[PDB]
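Asks: In their complex positions, the first chains:
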Amino acid sequence: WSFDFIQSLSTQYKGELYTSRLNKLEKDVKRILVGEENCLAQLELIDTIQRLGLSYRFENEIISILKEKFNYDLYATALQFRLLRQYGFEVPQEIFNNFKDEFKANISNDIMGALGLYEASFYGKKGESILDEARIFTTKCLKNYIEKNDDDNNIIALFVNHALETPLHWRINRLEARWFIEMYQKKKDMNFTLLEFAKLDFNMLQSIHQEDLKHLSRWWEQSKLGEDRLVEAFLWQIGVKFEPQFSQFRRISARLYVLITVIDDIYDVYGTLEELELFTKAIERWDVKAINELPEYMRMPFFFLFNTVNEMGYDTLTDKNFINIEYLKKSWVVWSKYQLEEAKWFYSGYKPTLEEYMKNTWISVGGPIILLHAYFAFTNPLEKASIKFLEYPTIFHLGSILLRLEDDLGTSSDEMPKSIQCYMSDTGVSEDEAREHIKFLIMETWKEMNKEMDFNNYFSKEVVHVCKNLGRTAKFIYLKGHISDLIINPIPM
């Protein structure tokens, strides 16, 4: 994973011949989708296409088809429910009373219906007890089917394992796309043109991602802050905003993921309280003349953060005629203040309750910084709503809290007090039980975020995507093969 390794990343799936073929396949698959008269087969086609990762190329077509579905068995009712819930349509949670007497026992015999219900249950908003009942009962059903039944050629078991590992609603698009492209060839029903379009689009998107990663790699190399978690930060852009036209975002946002990651280490690892006070006060002053005051090893990271954030502010001034450097500076100020508070906790030995830890850490996790950059990237700030707003977003709180809880559930073994240990302090439980409670808190935050709709909110749909994908990518990252799957090697066409 050296610098020359990343710069040597290349692939054939780029150019005008491939782009013409991609548009050909795009229109072919578009007419295949719009042409299917069978309502249920059309819903299954929608699900197949979106699991191939191509949902970003048929948004309006899929929404128009689903404005036609506004008899079915459990798998079909669950698929329709999930696809309607996904695109902002209102279908009641109580459409599953048709499958109860609690839930019907024969659903255990209906393995595919149980899997569809499991997938649909994770779209449950807060207060939808029927969908949580479905979640629990279907998790039981699927674990039972897995225990009941080494075969490389058994699709039902592989799908059940994949869903138990992480449901559709929580998995990032690129990982699910690669896995389902691999799986779709094992179907006896598969469409060859659909698979060809999936492969080609995934490969061209992988080429765009390779170029973005090489860009970020050159940027971090000329930082000379390695003479080093670069690709870990770009995996975040693969999980957050994978679509092509968001190249620049991926190239710039990743820097935040780098910078945060670096400066956290200055706080949680290398910094005495005097030097951390100096660093935080230099960020608060935010002046290129405050660099003499910092110790020698702190000048370079602070100077680089200064230049990078000012470059982002200039990007906003040049793309949207707006001066947001004040707000980026303020976000880094608040982040640095809460990081310094955590450093004081570490030195003084403070072990807070879970309440204090949760009130604190969702800000110092880096969430608000990334989300403010995304806001200024996908929101017109010359509008009235923006100018009024800048004087806190619930969706940002939920996204940053999902980020924090996933980070802690991933890094508690390697790096350990965090959330699990604070809960072990408050209530007296073993680490297993506290990890389970943190998982429950994650699921509660998810079902609360399912209320914030995607496509028509106070914020742009891209910002809602960035928040929910912050959550999903946090779940994915902390959870070498598949990094190479997504970034390095194309799908063999």
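Replies: Received the coordinates, thanks. Numbering: from 1, shown residues only, chains lettered A, B, ... in the order given.
Asks: Wait, a helix at residue A:315?
Replies: Yes - Residue A:315: assigned to a helix according to DSSP: H, G, I helix; E, B strand; the rest coil.
Asks: I'd guessed it sits against residue A:253; true?
Replies: No - checked against C-beta atoms under 8 Å, the pair residue A:315 and residue A:253 is beyond contact range at 11.2 Å. C-beta coordinates here come from the backbone N, C-alpha and C atoms, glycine included.
Asks: who has more neighbours, these two?
Replies: Neighbours per residue, other C-beta atoms under 10 Å: of residue A:315 and residue A:253, the larger number sits with residue A:253, 25 against 16.
Asks: Any buried residues in stretch A:329-347, and which?
Replies: Taking 16 or more other C-beta atoms under 10 Å as the basis for neighbour counts, the residues of stretch A:329-347 that come out buried are A:329-333, A:335-336, A:338-343, A:345.
Asks: Using CSV, write down the CA coordinates of it.
Replies: Taking only C-alpha atoms (Å, rounded to 0.1, in the frame of the first residue of the first chain), the coordinates of stretch A:329-347 have been written out as CSV:
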residue,chain,number,x,y,z
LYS,A,329,-13.1,27.5,11.7
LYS,A,330,-15.8,27.4,14.3
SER,A,331,-16.5,23.7,13.7
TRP,A,332,-12.8,22.9,14.1
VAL,A,333,-12.8,25.2,17.2
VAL,A,334,-15.6,23.2,18.9
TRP,A,335,-14.0,19.9,17.8
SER,A,336,-10.6,20.9,19.3
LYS,A,337,-12.3,22.1,22.5
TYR,A,338,-14.1,18.8,23.1
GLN,A,339,-10.9,16.9,22.2
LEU,A,340,-9.0,18.9,24.8
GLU,A,341,-11.7,18.2,27.3
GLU,A,342,-11.2,14.5,26.6
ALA,A,343,-7.5,14.9,27.1
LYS,A,344,-8.1,16.5,30.4
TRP,A,345,-10.3,13.6,31.3
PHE,A,346,-7.5,11.2,30.4
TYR,A,347,-4.7,13.1,32.4
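Asks: Checking residue A:287 next. Helix, strand or coil?
Replies: Per three-state DSSP, the secondary structure class of residue A:287 is coil.
Asks: Neighbours of it, how many?
Replies: Residue A:287 is surrounded by 10 other residues when neighbours are defined as other C-beta under 10 Å.
Asks: That one and residue A:106, how far apart?
Replies: When distance is defined by C-beta to C-beta, to the nearest Å, residue A:287 is 70 Å away from residue A:106.
Asks: Next: residue A:223.
Replies: From residue A:223 across to residue A:106, the span is 61 Å (C-beta to C-beta).
Asks: Could you verify my assumption that residue A:303 touches residue A:292?
Replies: No - shown here, residue A:303 and residue A:292 do not form a contact pair, counting by C-beta under 8 Å, at 11.2 Å.
Asks: Which one of those two is surrounded by more residues?
Replies: Neighbour count, other C-beta under 10 Å: between residue A:303 and residue A:292, residue A:303 has more, with 15 against 8.
Asks: so where does the more buried one fall, helix or strand?
Replies: helix A:296-320 (DSSP states H and E).
Asks: gap between that helix and the chain center?
Replies: Chain-centre distance of helix A:296-320: 25 Å, with C-alpha atoms, centre = their mean, to the nearest Å.
Asks: Next secondary structure after it?
Replies: Taking DSSP H and E as the definition, the helix or strand that follows helix A:296-320 towards the C-terminus is helix A:325-348.
Asks: Chain B next, sequence below:
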Amino acid sequence: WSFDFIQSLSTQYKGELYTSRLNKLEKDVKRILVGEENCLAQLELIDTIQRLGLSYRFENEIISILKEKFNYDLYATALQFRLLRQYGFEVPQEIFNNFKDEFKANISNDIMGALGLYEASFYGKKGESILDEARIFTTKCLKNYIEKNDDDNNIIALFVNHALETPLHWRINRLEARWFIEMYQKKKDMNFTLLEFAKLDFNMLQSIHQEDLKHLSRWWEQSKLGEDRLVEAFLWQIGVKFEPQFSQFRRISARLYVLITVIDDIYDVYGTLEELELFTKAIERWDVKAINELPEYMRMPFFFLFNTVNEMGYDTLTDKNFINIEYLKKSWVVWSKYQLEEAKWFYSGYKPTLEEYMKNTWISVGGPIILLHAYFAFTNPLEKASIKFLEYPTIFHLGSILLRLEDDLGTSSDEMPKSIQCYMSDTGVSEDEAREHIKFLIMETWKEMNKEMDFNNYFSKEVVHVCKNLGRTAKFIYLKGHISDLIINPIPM
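Replies: Adding chain B to the chains above:
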């Protein structure tokens, strides 16, 4: 000359096969040079090699050979004198009394000796009256030979015209290299291996220059300050520091040449005194929070200048562990102050004497900024001489004054009070006579700068090169074909 035009610049003379061939030819030509026993033929070989532009690959070999020349006719005495003066050797100006009775009249009959003497005369330091006599008499001789004798096949006349246009000591290396590579094939004495090495090295250097220009082009494109004299600024790097290993310098210094060029236009063209006061005071404050104060059209250029200069300061901090942002800020402060003084002169209608204009304009021409960046690029600032020095360099004064006088002599027709017109104000002369006086001032500044030695000075030899090449490139730029000669099309191998 669009952005996609520059990004589409490509050439084959890049890679490892060509690099291996280049090293083969380099060692072959090196042993050809060291092997020639004939002292006079060896001096002629040195001159041929250096006029091919390859002097940057045989510096130590040439200096060691010239430590062997420490009988001859006029051409040989002049060539030896010029080559000894070029590399810092001390040869008296009075070695040409052997060719006097004033100078010998038969020198008019000795056309090649007259040309060699003309070329050697421009190495005359201040106070060497013999060399100025040689300059005048040889200019007369060569103009007479040109008037006395449409043939495409006459080498003596073409060489005399080329020298009259600009002597060797004043012409940039790349232009002379291209022209002499074209001319060397017309010789009956030519060495084929030498010509092949010249062609190959020039083409690989042109490839490196193409890449540097594409880098600068992308940088200026993402500035969005064009949605535009970019290649004009990179011609400056082609003239200032052409050697390969100075890629980064060429990529960064050019930005100055851009930024200055832009901000001068904000002063000399678009700015009222209120807005210019605001701009200069915002530069003096040098804070990202001073951007609200500037009018809308000034925020973007000031913000971009801020980010770029801070990036240069970070480059210094990362490559040489030194905080020089104070000095870059101070250089831009002084430049902005003198530009605002000139704007006050324009509005109030002030027409200064040549004395005031010369005391002022060599600073506002941009010279000191470029030269300070070059200083921090090619000088170790952790040394005692640097730390003591930063508390004004004569070589910078001379380079910036050559820059100013060449700029004015070039742009007086298109853009017109400057130096010529101020001299017309003080002394009552027509514009022709004042242009001639400005040319004389340029030659006086050159013969004063010939005292500042190249290879062992208070400053690094690269800084001395940057200053003298500032002068030469100023003479060249203001003086579409040859831009394409140097940048776009290789020499047909």
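Asks: The neighbour count of residue A:287 again, this time with chain B added?
Replies: The local packing of residue A:287 (other C-beta atoms under 10 Å in any protein chain shown) involves 15 other residues.
Asks: picking that back up, now check the helix holding residue A:303, is it near chain B?
Replies: Yes - if you take C-beta under 8 Å from any C-beta of the partner chain as the test, helix A:296-320 does meet chain B, through A:296, A:299-300, A:303-304, A:306-307, A:310-311, A:313-314, A:317-319.
Asks: first vs last residue of stretch A:261-274, how far apart are they?
Replies: Start-to-end span of stretch A:261-274 (C-alpha to C-alpha, to the nearest Å) is 21 Å.
Asks: who in chain A is up against chain B?
Replies: Contact residues of chain A with respect to chain B, defined by C-beta under 8 Å from any C-beta, are listed as A:223-224, A:286-289, A:291-292, A:296, A:299-300, A:303-304, A:306-307, A:310-311, A:313-314, A:317-319, A:321, A:323, A:325-326, A:329.
Asks: now do 10 Å
Replies: Where chain A comes near chain B, counting by C-beta under 10 Å from any C-beta of the partner chain, the residues are A:222-225, A:227, A:248, A:285-289, A:291-292, A:294, A:296, A:299-300, A:303-304, A:306-311, A:313-315, A:317-319, A:321, A:323, A:325-326, A:328-329.
Asks: Wait, residue A:331 touches residue A:369, no?
Replies: Yes - using C-beta atoms under 10 Å, residue A:331 and residue A:369 qualify as a contacting pair, with a distance of 4.9 Å.
Asks: shared neighbours of the two, anything?
Replies: Common neighbours of residue A:331 and residue A:369, counting by C-beta atoms under 10 Å, 6 or more residues apart in numbering or on different chains, are A:256, A:309, A:363.
Asks: ok, the residue lying closest to residue A:365 once chain neighbours are set aside - contacts?
Replies: Using C-beta to C-beta, 6 or more residues apart in numbering or on different chains and skipping residues adjacent in sequence, the residue nearest residue A:365 is residue A:404, 4.2 Å away. Remark: with contacts taken as C-beta under 10 Å, 6+ apart, residue A:404 is in contact with A:357-358, A:360-367, A:418-419, A:438, A:442, A:445, A:474.
Asks: In the helix or strand harbouring residue A:404, which residues are buried?
Replies: Assessed by DSSP H and E, residue A:404 sits inside helix A:394-415. Within helix A:394-415, the residues scored as buried using 16 or more other C-beta atoms under 10 Å in any protein chain shown are A:395-410, A:412.
Asks: for stretch A:358-374, same thing?
Replies: Within stretch A:358-374, the residues scored as buried using 16+ other C-beta under 10 Å are A:358, A:360-374.
Asks: First-to-last residue distance for that stretch?
Replies: Across stretch A:358-374, the straight-line distance between its terminal residues is 23 Å, by C-alpha to C-alpha.
Asks: again, but for stretch A:138-158
Replies: 16 Å.
Asks: Could you pull up the residues touching residue A:58?
Replies: By C-beta under 10 Å, 6+ apart, residue A:58 lies in contact with A:26, A:29, A:30, A:33, A:34, A:46, A:49, A:50, A:64, A:65.
Asks: pretty sure the fourth one contacts residue A:44?
Replies: No - in this structure, residue A:33 sits apart from residue A:44 without contact. The criterion is C-beta under 10 Å, and the distance is 11.2 Å.
Asks: Can you name the residue of the stretch 351-493 of chain A nearest chain B?
Replies: residue A:382 (12.1 Å; C-beta to the nearest C-beta).
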